Enquirer: 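Just dropping this structure here.
Below, read A as the first sequence line, B as the second, and so on, with proteins coming before strands; counting in each chain starts at 1. All values below were derived from every heavy atom in this structure, side-chain atoms included, with hydrogens, water molecules and symmetry-related copies excluded.
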Amino acid sequence: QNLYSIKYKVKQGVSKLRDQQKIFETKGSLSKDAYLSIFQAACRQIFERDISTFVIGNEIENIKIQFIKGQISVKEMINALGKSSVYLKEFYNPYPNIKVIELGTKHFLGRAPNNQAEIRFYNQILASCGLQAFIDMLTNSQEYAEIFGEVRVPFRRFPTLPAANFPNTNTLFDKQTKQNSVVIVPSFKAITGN
Amino acid sequence: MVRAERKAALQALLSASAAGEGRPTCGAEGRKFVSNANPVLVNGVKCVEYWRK
Amino acid sequence: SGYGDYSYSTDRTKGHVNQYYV
Amino acid sequence: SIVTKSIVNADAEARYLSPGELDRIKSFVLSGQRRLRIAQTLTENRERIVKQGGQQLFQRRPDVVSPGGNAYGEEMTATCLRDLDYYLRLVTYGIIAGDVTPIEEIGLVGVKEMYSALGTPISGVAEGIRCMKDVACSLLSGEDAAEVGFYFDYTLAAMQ
Amino acid sequence: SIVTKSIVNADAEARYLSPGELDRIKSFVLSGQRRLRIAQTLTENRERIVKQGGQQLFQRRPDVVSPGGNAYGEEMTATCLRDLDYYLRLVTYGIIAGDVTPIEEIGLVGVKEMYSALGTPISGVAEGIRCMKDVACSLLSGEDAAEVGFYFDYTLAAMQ
Amino acid sequence: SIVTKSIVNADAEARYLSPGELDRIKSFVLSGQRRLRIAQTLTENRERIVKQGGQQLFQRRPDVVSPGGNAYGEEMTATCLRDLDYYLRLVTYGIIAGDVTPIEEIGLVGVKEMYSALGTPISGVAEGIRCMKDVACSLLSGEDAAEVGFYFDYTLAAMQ
Amino acid sequence: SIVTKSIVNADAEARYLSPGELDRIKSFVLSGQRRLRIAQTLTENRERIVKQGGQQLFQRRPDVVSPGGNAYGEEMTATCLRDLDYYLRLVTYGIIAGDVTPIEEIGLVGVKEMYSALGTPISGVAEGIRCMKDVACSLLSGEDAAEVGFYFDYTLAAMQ
Amino acid sequence: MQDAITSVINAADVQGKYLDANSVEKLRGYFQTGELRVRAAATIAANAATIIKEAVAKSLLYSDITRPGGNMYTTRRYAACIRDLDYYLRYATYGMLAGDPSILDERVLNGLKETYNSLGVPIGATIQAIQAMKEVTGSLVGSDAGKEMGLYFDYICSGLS
Amino acid sequence: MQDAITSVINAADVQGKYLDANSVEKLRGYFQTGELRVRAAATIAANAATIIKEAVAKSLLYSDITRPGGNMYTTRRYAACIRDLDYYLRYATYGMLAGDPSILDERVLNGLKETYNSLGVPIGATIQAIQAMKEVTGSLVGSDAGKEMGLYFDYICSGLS
Amino acid sequence: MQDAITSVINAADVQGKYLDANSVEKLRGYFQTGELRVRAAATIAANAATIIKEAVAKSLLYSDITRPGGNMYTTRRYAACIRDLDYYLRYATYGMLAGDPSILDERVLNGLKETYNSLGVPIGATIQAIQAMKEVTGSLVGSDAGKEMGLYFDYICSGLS
Amino acid sequence: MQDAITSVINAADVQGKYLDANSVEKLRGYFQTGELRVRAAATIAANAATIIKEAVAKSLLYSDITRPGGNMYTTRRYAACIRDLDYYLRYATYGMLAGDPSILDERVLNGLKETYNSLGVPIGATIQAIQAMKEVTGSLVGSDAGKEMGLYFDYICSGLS
Amino acid sequence: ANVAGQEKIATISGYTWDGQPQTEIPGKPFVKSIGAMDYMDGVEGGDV
Ligand SMILES: CCC1=C(C)/C(=C/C2=NC(=C\c3[nH]c(/C=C4\NC(=O)[C@H](C)[C@H]4CC)c(C)c3CCC(=O)O)/C(CCC(=O)O)=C2C)NC1=O
Ligand SMILES: CCC1=C(C)/C(=C/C2=NC(=C\c3[nH]c(/C=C4\NC(=O)[C@H](C)[C@H]4CC)c(C)c3CCC(=O)O)/C(CCC(=O)O)=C2C)NC1=O
Ligand SMILES: CCC1=C(C)/C(=C/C2=NC(=C\c3[nH]c(/C=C4\NC(=O)[C@H](C)[C@H]4CC)c(C)c3CCC(=O)O)/C(CCC(=O)O)=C2C)NC1=O
Ligand SMILES: CCC1=C(C)/C(=C/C2=NC(=C\c3[nH]c(/C=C4\NC(=O)[C@H](C)[C@H]4CC)c(C)c3CCC(=O)O)/C(CCC(=O)O)=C2C)NC1=O
Ligand SMILES: CCC1=C(C)/C(=C/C2=NC(=C\c3[nH]c(/C=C4\NC(=O)[C@H](C)[C@H]4CC)c(C)c3CCC(=O)O)/C(CCC(=O)O)=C2C)NC1=O
Ligand SMILES: CCC1=C(C)/C(=C/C2=NC(=C\c3[nH]c(/C=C4\NC(=O)[C@H](C)[C@H]4CC)c(C)c3CCC(=O)O)/C(CCC(=O)O)=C2C)NC1=O
Ligand SMILES: CCC1=C(C)/C(=C/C2=NC(=C\c3[nH]c(/C=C4\NC(=O)[C@H](C)[C@H]4CC)c(C)c3CCC(=O)O)/C(CCC(=O)O)=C2C)NC1=O
């Protein structure tokens, strides 16, 4: 054995990043310094970085105070955070609706779009109702309530079973913000039939 | 065998007189939902993680 | 894109070449 | 198809097809000799079914063939009858597949969005299918008319 | 490890390690010379721990080496003891790593799905790790035997 | 066979085959495509049925393979499993013949005299045919397992 | 093939097949029933041709099956005759194909580089094909023996 | 996904035609073999744990891919190995009931060669665990049923190579 | 990510080895320098904001990159500049504690040279600001600790060029 | 490329089989219809230029495609379009002699649907010019030969759509 | 491509520096092992036909691939396969003399995985014919020389997987 | 070959409608008639 043989066998498998992952959530009787670490962690999931460099300072200030008082849950703080002027300016204006779908599932579901029936379902919502009806269909879905509930913050969610979703979800989360302007899942190559 | 299965799926169509939301994107129709779209295609493909987490 | 936007063409700065006498 | 609609339900729960589901597929494929005969009685009575069903539609809906109506003129009434043949052809697809899958995937998904773009009253298209259903169900026996009567009833409820 | 496990918790929160977390890392590096000594004691007594602990298992579970048992014969009993050498290697990793993550990630996740597919009784693989625990705890002092007894006890509870 | 058993009864009375006898012979030849299908499955699952039926036997009768047992040793255990393969082969001859005649004329007449003269426990051979029967009935359908169980049951009764 | 070689020669020139080329293709399809009969005669005498041909080869080249020879033993002599069965299969392809293209593309290009790597004498593989030629030419008439003698002679010259 | 019935209806539908006599003969080709498929589909559903257990023993159990340094080394890799073999066996039974390999293209083979190259899973060792599973299944279902089930084991192996 | 300990357990695990004398030497090297790293990790964590204020003043604050039309012109462009130096200093401290540069390839350098080319960020100016941050830190924490931190600054600079 | 004979030798060679009764049936099918194909191949080769002249007059000489602004407007675009019909008729005759559509995938359809999309050539119009060339040929050569040539016209049309 | 001497000169040249004491110590690391490489390189040049003849016998000689239907079946494919093994063995000897794996990236691994996927050559069976060739070569050159030659057999296998 | 005969430059002997070579004397293929125009001068590229 040598450095080339050993280096090749240590990297096989899915990733150690799946095992080295932290999940934020609210248990009973949190302080105000603990609510503030959960809120800042939710801003790194929905915006992919912390808001100090791309906000003026007063856009989501009332959502923060309303959460630290325990008045809204983590599910309401995330719906109210994704349908704000900060998200609209960051992940809806510069991109088409086909790329807004792949980013919405990435931030609020932790996975790429499943199949074509899902791409054509969200595309019809973004055509008729707009962005805020899009966020409500993600946070109010049954998939969201099962994996995140009302007390957890979404995470990267390494998937297995839908037979395109592992390599697609890895291309979304392994690219950095504004790395390029490519659409990962523009659509699925048409299978014969209807 | 399919009789009771058909009489129920037929009642779902009639009683599903839901309202409308959004802007019409097909003439006067074309609201938030597409007509008669099979819901089992969107919700029948599920995201699963072996060793759930 | 926006108001204050970067482009290689309107960049007369010596930032892509480290001529440090300017 | 009924085989396709059973595979997607089992794939949803990530399991093999249940014995009750394999029992349907056996009882369905064994009846294929009679489904192929019901679809042939309608395939050779296309002109009587469309010419008679469309003839009744213009007595119950005289406004689509009046001035300003959608099917006004000889070329728009011919396009009217073209659509009644599109939907009869799909009914024979559903009789042979044992399910409404071929109808809903061809001509039921987004059907209201289509006619709203053309100006066509959806209540007048469902009226022409209801009049074709009596002509079609009158060519068939007691329980063959009950199988054919369903695909006409699912198309009506989906078209409203 | 203590170091890796603390850095992933501080990178998930996007800050540096606190002075209270930097002390748990200093308390762990000071015990490294002692941890390295206990692991070289188990590494030079490999045959004695696997052979003796294996002979002890066949007294406690004589049905696994009986006719019809899983580990029956020259070739299946050598594979029996091959597995006990896998778990003793992992225990020396966990002693030097300071935690049970090397043992969990290798040979404790999905361990019931593997043995249930090979036909091996999971209940007998846990009694064979219990028997290597006492053979190993007899080579160490009273303070080190409680040190390494932790890692042998975590493997058992995960295997039940 | 069944044609043999019917000609013998007509030959014995010096008469032609009755219409009821010709009806049974007709019913028997129409089953040949089903009997040939079950027999070919048991023929393709030899090692699975014999290895599993044998390993299940050594868990209920551990003494026949222990020191002092009849099937003790590598060469004597291969003959133990050689005999289970003889009785599975005969079961396929009884399935296709539609009768227990081939199983009786080969390996059931004088079987107690043979196995006692070899030193082999006859009850241990009947226990291996009952274990080798379950592995066969688990690879077949619910209706195919009813026919194959008729020949495994007759052999066990004759071996006692 | 004769049809393929003509189409690639006409495609290289971007034209249709000339009336002189279309006659050589008609002359080839009328001999198809005769070619199918000759190749079907060699296909039901494979064992006699390969066993006798190789058995007769060991009389000519007794050093290949001697101690130290390449084809020494049960396994190396069965591999020896395995190669003769390969080249007889190719000869039946060339008879029905009408040319030596199937024999050239399989087992004649780089054949001296292969046997020189395995250690086999190429001079002995050609004497074994010469011995299958006479065993095969004895099963055919004087007109067919010169037909198939062509394909056996081309394999030899390519193997020298 | 489309099965053998939808594949015949979709061929007539793209011409605007009713089902003619040739398409009706393809429909009879499926209705005949329909009871042979529900018999084979029910025997694989019951012997699924056995087929996968035997395909692993014959293929990849005592090699260096199960030893320290192999893909299937850790117990998490072993449980992922024999779970993939349970995906191929369940989806190859869907394709046999439907009589069409279209479900294997959307729900099995989509991005599957990019998935294994990302992780480092040996493709050649996977094709022989699928080929060994085809051999174990032909013994259970028969010869005529095993010719159909093996038709969709080779579709997975040919699109996975 | 793997530290110096996990890196040695993982390399011996893919070979099937117990920890020999050569693996015990690499484990002793980390345990000896381990007290030196927890001391520098607490000194960099307390002066994090003022280390980058002084490192920018030495490299980029008095060039003309902030001149109108540069990369760092607007307030958004300037605030994103110093947020990266916050990244590099904080991830080089995770690498100095772990004793392994494995976390920089996973969570820093993945697709970063393509991200700067898409945005237009000068790569050589970032390396020059990192080389100043390397010198400001090597005086705060000392020569031994400063020579270890400078080992993971050069790793970010080599993977960025 | 492989013809009907080479196609049978190649399929039996990858299995290690001598030509059995089922391969001899496919070889007899070609040798029987072989005299019918050399007759049509000589009658199509002599009327090649006038077959395309009549097939264009029946499909797209009297549409508005030649109107200014569409494809086949200029002389270069009109001459390049009859050169393709000149291609399809000559390669469907290589496929009718060979009895195998293998030469159409290799030397015709390879990257052709992408070439028409890059240039802008209407693909549905090319299919109806080919369907007219099928009607003109099926009357010249007869019903049996015309039904074989129409088998390889549909192959070009299916691989083009 | 660059050898171990150019790799040290190119590292100093990129900084505009003369060869310092650390780069001079890397130069001495190569000059010491230089006579051990010309001995191993001369013994592989003479036993090249023997090494390849044994890697084939131990790996892929009596298996399903030398049989009808597998790659390496035909004599043209057998001679092409043992010629590839002679390419890997000659280029792995160039990399051992140079002491750098850079010549294996431009002249061996460039486009090599796209070449085998085009033809259908099994990659996993190739890696084990290269791994068997590493085992035969370590017996001929020794243990310390076989540690260097095996360093460039694993570079080819890791970039080929 | 049709352009050549349409401009009256020359007559090119070709094939019948089923692939057989044209000929004026049935011994050899592609034999063409002659007389009174093959020896007339000044009409080389006539009609062009
Ligand atoms: C805001 C910019 C934007 C656009 C334009 C967009 C388009 C878009 N068009 C789509 C489909 C489609 N688009 C068409 C369109 C056409 N068919 C024809 O023959 C025509 C000539 C044509 C009219 C232009 C059809 C038929 C489909 C459905 C394909 C299918 O169901 O397989 C889909 C897949 C989802 C769906 O089927 O609803 C998307 C995402 N997305 C975007 O974000
Ligand atoms: C239904 C279609 C479909 C398939 C097949 C599929 C496979 C799939 N296999 C995976 C991993 C894997 N697959 C294997 C498989 C193997 N290792 C071997 O040595 C064998 C040769 C081989 C199996 C025969 C291994 C070792 C992993 C990595 C698991 C881990 O590292 O935790 C993963 C990553 C998630 C995980 O399992 O941890 C997916 C998504 N996904 C799909 O949607
Ligand atoms: C590092 C974590 C790890 C473990 C533990 C592991 C186990 C493992 N045990 C195996 C077999 C086996 N394991 C046993 C073990 C036992 N039989 C008994 O009766 C006892 C109760 C028990 C041991 C105490 C036997 C008998 C086999 C062979 C199964 C057979 O072929 O019949 C095999 C298949 C063949 C092989 O060894 O390659 C694996 C992969 N692999 C791993 O990567
Ligand atoms: C269809 C074209 C074709 C040919 C011919 C072919 C030959 C071929 N011959 C082989 C071996 C062999 N071939 C022979 C043959 C001979 N020994 C003698 O003394 C005789 C002179 C001679 C036969 C007349 C022997 C002895 C071996 C095994 C050598 C060994 O393992 O020592 C092998 C390696 C093992 C195997 O059979 O898989 C191949 C691939 N492969 C092909 O694809
Ligand atoms: C933890 C690892 C990591 C890194 C390193 C990282 C870099 C990174 N730098 C960015 C932007 C940026 N980076 C710079 C940087 C610079 N301008 C200059 O003049 C200097 C030479 C240079 C800094 C020294 C600027 C100006 C932008 C904003 C570009 C824009 O707004 O157009 C962005 C765009 C999105 C965002 O800021 O949230 C990312 C993702 N992200 C990461 O996750
Ligand atoms: C801008 C360059 C350009 C040219 C020149 C051009 C020519 C052109 N001439 C055509 C037909 C034609 N051209 C003629 C011409 C003639 N008949 C005679 O006897 C005379 C010798 C000759 C007069 C010059 C005739 C009769 C047709 C119709 C042929 C038919 O329909 O069969 C056609 C087919 C139908 C049409 O679109 O008109 C084209 C495309 N197209 C172009 O884009
Ligand atoms: C042997 C297999 C084969 C095919 C099929 C083939 C097609 C092919 N068609 C071409 C152009 C063309 N093809 C057309 C065809 C048409 N315009 C219409 O309106 C009709 C719908 C259609 C005639 C049916 C036109 C107009 C061009 C010229 C494009 C241009 O000049 O911009 C070109 C560009 C080459 C050149 O101009 O030198 C190629 C390569 N090449 C091949 O090697």
Enquirer: Specify which of L:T16, L:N2, L:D18 makes the most heavy-atom pairs with chain J at under 4.5 Å.
Expert: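 Winner by heavy-atom pair count: L:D18.
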
Enquirer: Counting heavy atoms not belonging to J:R67, are there more than 12 under 6.0 Å from its CZ?
Expert: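 No, because the 6.0 Å sphere around CZ of J:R67 holds 12 heavy atoms or fewer from other groups.
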
Enquirer: Is it the case that the side chain of J:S63 and the backbone of J:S59 share a donor-acceptor pair, with hydrogens and angles ignored and the cut-off at 3.5 Å?
Expert: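 Between the backbone of J:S59 and the side chain of J:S63 there is no qualifying donor-acceptor contact (under 3.5 Å).
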
Enquirer: Do the non-hydrogen side-chain atoms of J:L27 and J:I5 ever get within less than 4.5 Å of each other?
Expert: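 Side-chain contact under 4.5 Å: yes.
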
Enquirer: Does either side chain, that of J:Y116 or that of J:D84, offer a donor lying less than 3.5 Å from an acceptor on the other one?
Expert: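 Their side chains do contain a donor-acceptor pair, which is all the 3.5 Å distance test asks for.
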
Enquirer: Taking side chain as C-beta onward, heavy atoms only, is J:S161 less than 4.5 Å from J:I127?
Expert: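 Contact flag for J:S161/J:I127 side chains = yes.
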
Enquirer: Does one side chain, of J:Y155 or J:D105, offer a donor that lies under 3.5 Å from an acceptor on the other?
Expert: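 Yes.
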
Enquirer: Under 4.5 Å, heavy atom to heavy atom, which residues of residues 23-46 of chain L contact chain J?
Expert: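 Heavy-atom contacts from residues 23-46 of chain L to chain J are absent.
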
